[PDB]
Amino acid sequence: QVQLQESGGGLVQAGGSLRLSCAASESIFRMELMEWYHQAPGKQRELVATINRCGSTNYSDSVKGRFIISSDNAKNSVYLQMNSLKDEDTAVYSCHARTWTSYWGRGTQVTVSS
Amino acid sequence: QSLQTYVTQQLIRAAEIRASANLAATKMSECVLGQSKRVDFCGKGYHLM
Amino acid sequence: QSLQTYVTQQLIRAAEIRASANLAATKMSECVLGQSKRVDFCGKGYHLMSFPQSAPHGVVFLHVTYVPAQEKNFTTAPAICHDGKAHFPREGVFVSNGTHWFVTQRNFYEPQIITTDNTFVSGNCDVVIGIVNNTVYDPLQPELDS
Amino acid sequence: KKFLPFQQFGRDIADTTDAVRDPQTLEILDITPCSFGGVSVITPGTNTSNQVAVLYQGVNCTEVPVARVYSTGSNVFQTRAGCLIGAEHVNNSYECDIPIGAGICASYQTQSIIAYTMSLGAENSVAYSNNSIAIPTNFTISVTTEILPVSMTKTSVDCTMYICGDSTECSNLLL
Amino acid sequence: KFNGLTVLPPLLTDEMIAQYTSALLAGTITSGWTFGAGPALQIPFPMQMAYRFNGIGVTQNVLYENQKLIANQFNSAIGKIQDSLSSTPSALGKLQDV
Amino acid sequence: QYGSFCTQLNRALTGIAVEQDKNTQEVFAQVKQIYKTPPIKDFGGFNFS
Ligand SMILES: *[C@@H]1O[C@H](CO)[C@@H](O[C@@H]2O[C@H](CO)[C@@H](O)[C@H](O)[C@H]2NC(C)=O)[C@H](O)[C@H]1NC(C)=O
Ligand SMILES: *[C@@H]1O[C@H](CO)[C@@H](O[C@@H]2O[C@H](CO)[C@@H](O)[C@H](O)[C@H]2NC(C)=O)[C@H](O)[C@H]1NC(C)=O
Ligand SMILES: *[C@@H]1O[C@H](CO)[C@@H](O[C@@H]2O[C@H](CO)[C@@H](O)[C@H](O)[C@H]2NC(C)=O)[C@H](O)[C@H]1NC(C)=O
Ligand SMILES: *[C@@H]1O[C@H](CO)[C@@H](O)[C@H](O)[C@H]1NC(C)=O
Ligand SMILES: *[C@@H]1O[C@H](CO)[C@@H](O)[C@H](O)[C@H]1NC(C)=O
Ligand SMILES: *[C@@H]1O[C@H](CO)[C@@H](O)[C@H](O)[C@H]1NC(C)=O
Ligand SMILES: *[C@@H]1O[C@H](CO)[C@@H](O)[C@H](O)[C@H]1NC(C)=O
Ligand SMILES: *[C@@H]1O[C@H](CO)[C@@H](O)[C@H](O)[C@H]1NC(C)=O
Ligand SMILES: *[C@@H]1O[C@H](CO)[C@@H](O)[C@H](O)[C@H]1NC(C)=O
Ligand SMILES: *[C@@H]1O[C@H](CO)[C@@H](O)[C@H](O)[C@H]1NC(C)=O
Ligand SMILES: *[C@@H]1O[C@H](CO)[C@@H](O)[C@H](O)[C@H]1NC(C)=O
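Some remarks on the overall build of chain E
Reasoning step 1: A count of helices and strands for chain E gives 5 helices and 0 strands.
Reasoning step 2: If you list the helices and strands of chain E from N to C, you get α-α-α-α-α.
Reasoning step 3: What you see for chain E is a C-alpha radius of gyration of 20 Å, clearly larger than the 13 Å of a compact globule of 98 residues, by over 25%.
Reasoning step 4: For chain E, the C-alpha atoms occupy an extent of roughly 70 × 40 × 20 Å along the three principal directions.
Reasoning step 5: Within chain E, buried positions represent 39% of all 98 residues.
Reasoning step 6: Put simply, 3% of the contacts in chain E that link residues at least 6 apart link residues at least 24 apart.
Reasoning step 7: Counting only carbon and sulfur atoms, one obtains 62% of the accessible surface of chain E, whose full area is about 5700 Å².

This is how it looks when you write it as structure tokens:
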């Protein structure tokens, strides 16, 4: 089984609403760190939002005000809602986790039409 | 008791091998990297290289 | 049986420590009280002298060593032919800066004029391979003239 | 292996049954142990980080899942020493920090642990000829340091006290 | 072999042992004994030998007048040791003992 | 019930195992660099093939 699978990618016009949802088989709670990475074409990977085990939440400067990362403790996963989409937000999104060894997921290529 | 005997034997052999290795290291350091003057340390007769 | 195990292990450790102590004693005797020609025995490089210093359950050394700095390429000659004679350096090598020939020691650059002082004569120029021809100056004719 | 018609078991090492013959069907089957191995942990300084990498000794990276969960296949790079988990392979080569074995070494570099083949040292070629020499034109005096143990702590233990502390009966049994 | 007994591979593989030996041989051949103390310095081999000769107490002109004979003797001795190692099975007694 | 004998035996064997690699590295790692002979093999008649 894929220990962490991501879902929610696709095409969308600018200014829409979207919710990236990546779920992991293991408990999201002993994992101690959830994070999201998206890489623009021709650019390096960058961090989007991090949520530690304690509950501290951080967002990148181009992420504040619109993107909010959340994790419901009913179905073990982490949620990330996008809104007011702009064209350079188009990238390949991947959510990262690290209990004591790096884990990675694939897919979720978002395109912003403008 | 068998395991204890084996371990003691191995320790003694390891000490002997370590002594041999130290001698070999000194030989490498002196008889190879330079011209020694100690008689019969490198080889029989006067040592050259 | 536990006591027996402990005693045996202690004996082996004591033997190893004794070997180390003997090596340290030899180092004390040689590297400190005199100048030793054994390479890499008293620190990397040519050994000059050393000073010991106390440490808890041991001894520490401070070797003082000599190492060469920047060098220079040179054109070399095994021997010098003057008048059908083969002159050899009494000590050192024959070096040339492309134009003239000089004699100097091995481990420090210091050119000097090729004279009868620094060389002796043996054989002819028909055996030694690679001997170059040159004029060795003799420091007696100038005194003969005056 | 071709058992003789009167033979039941097989012991090539004379203490374990290598092969046996089934009674229901006279075919013979060889016995192989269920595999095993020690577990070793690669780690940088405890206060440097918390990421660690585990090493299984001398086992194919196929039985390691069914063997702290492995959590499926995530960089299960295989080496001669065994199965290495939690470190990426690097084509570059540097000096050793944590010797794992068989020319492999690992260190913590800013997925936190990288493993690389042993790098022997800086390569250098000598400009050799038959009529060229080199002579230093200057020097430099250097001072190094060496440490050697001399004596261990002088210890002595009592005999009866450890064995039969203040007991007459125990001492009487001892003698 | 199968009751908790294991053999671990040595840290240094034989290929890089051979590389170490090759490096040492190249250093000795092309730099005399200089490279053991500091920066390696090249020096012709027929000029390096007479230094070792001086260290024994023979003037260099002795070597400089017998070069072919010394080289031939050295080659013959190397060939002889090559043959001798491939002849006596008991030469490698100590390692086989270990 | 016999204490911690296995720990001590493993410790001793591990010490031997480490000391072996220490000996090898000591006896061979004597040069900080790697040299190579020139492709030309002219050493005034001397042969090192
Ligand atoms: C090589 O060394 C010779 C030394 O004999 C140099 O010749 C001297 O050069 C100085 C510099 O002008 C003159 O003042 C001397 O009169 C020269 N003496 C002789 C005997 O020629 C020569 O210049 C050096 N060449 C190089 C390239 O270093
Ligand atoms: C030999 O090397 C030493 C350095 O090891 C040189 O000393 C330095 O010389 C420069 C001038 O070129 C000064 O600015 C430095 O302060 C000196 N070093 C120290 C520690 O004082 C020295 O000049 C060199 N000499 C030759 C002849 O090459
Ligand atoms: C160095 O010695 C080797 C042998 O000891 C020489 O190799 C031989 O070369 C001849 C041809 O000249 C062949 O017929 C032999 O079969 C070779 N022997 C081996 C063992 O390979 C080598 O030529 C010598 N080096 C030089 C420069 O002559
Ligand atoms: C642990 O709790 C989470 C709620 O966050 C739940 O989704 C998950 O199924 C639970 N896992 C186990 C093994 O009980
Ligand atoms: C100067 O030294 C170099 C060694 O780095 C050598 O290759 C070169 O031939 C030397 N120059 C001359 C003129 O010999
Ligand atoms: C050095 O080698 C060259 C060819 O590589 C040769 O022409 C020259 O004679 C040699 N010099 C000596 C002194 O043998
Ligand atoms: C060097 O000079 C002498 C002087 O006559 C001459 O005979 C000889 O041919 C020259 N060359 C050599 C290589 O000796
Ligand atoms: C026992 O096994 C044999 C062959 O394995 C079979 O022919 C026979 O019928 C079996 N006995 C019974 C009672 O089924
Ligand atoms: C803590 O880590 C720093 C560097 O990360 C290091 O300098 C220091 O020695 C460490 N302290 C301890 C107690 O490990
Ligand atoms: C592991 O099993 C595969 C299966 O074919 C085999 O190719 C490989 O050589 C094995 N590795 C070891 C170290 O035995
Ligand atoms: C090292 O480079 C080779 C190509 O020369 C490549 O096939 C291999 O995957 C690389 N190794 C790693 C760990 O990327």
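Observations regarding helix α2 (residues 45-56) of chain E
Reasoning step 1: The end-to-end C-alpha distance of α2 of chain E is 17 Å, a good match for the 16 Å that 12 residues give at a rise of 1.5 Å each.
Reasoning step 2: Counted residue by residue, α2 of chain E has 9 buried out of 12 residues, so it is predominantly covered.
Reasoning step 3: Among the residues making up α2 of chain E, those that are buried are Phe45, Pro46, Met47, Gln48, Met49, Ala50, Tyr51, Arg52 and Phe53 of chain E.
Reasoning step 4: As for α2 of chain E, its buried residues are in contact with β3 (71-77) and β6 (93-96) of chain C together with α1 (14-31), α3 (60-64) and α4 (67-85) of chain E.
Reasoning step 5: Remark: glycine 57 of chain E follows α2 of chain E within two positions and exhibits a positive phi of approximately 110°.

Details of the interface of chain C and chain D
Interface size is commonly expressed as the accessible surface area that is lost when the partners come together.
Reasoning step 1: In this complex, chain C contributes 41 residues to the contact, which on the side of chain D involves 26 residues.
Reasoning step 2: Together, the buried faces of chain C and chain D total about 3100 Å²; carbon and sulfur atoms form 63% of this surface.
Reasoning step 3: The largest share of the area that chain C buries against chain D comes from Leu3, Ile17 and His57 of chain C, three residues that together contribute 15% of it.
Reasoning step 4: Joining chain C to chain D, the criterion identifies 1 salt bridge.
Reasoning step 5: Note that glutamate 146 of chain D and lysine 27 of chain C form a salt bridge whose closest N and O atoms lie 3.5 Å from each other.

What counts, and at which threshold
Residues numbered from 1 in each chain as written, not as in the entry; some residues may be left out. Chains lettered and ligands numbered in written order. Part of a larger assembly, values for the part shown. Heavy atoms only, no water. Helix = DSSP H or I, 4+ residues; strand = E, 2+ residues; numbered from the N terminus. Rg over C-alpha atoms; globule rule 2.2 N^0.38 Å. Buried < 20%, exposed > 50% of the residue type's maximum accessible area, 1.4 Å probe, protein only. Contact = heavy atoms within 4.5 Å. Areas by Shrake-Rupley, 256 points an atom, 1.4 Å probe, with all protein chains shown as cover. Expected span 1.5 Å × (residues − 1). Buried area = accessible area lost by both parts, 1.4 Å probe. Salt bridge = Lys/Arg side-chain N within 4 Å of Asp/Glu carboxyl O.

That's the geometry; what it means functionally is another story.
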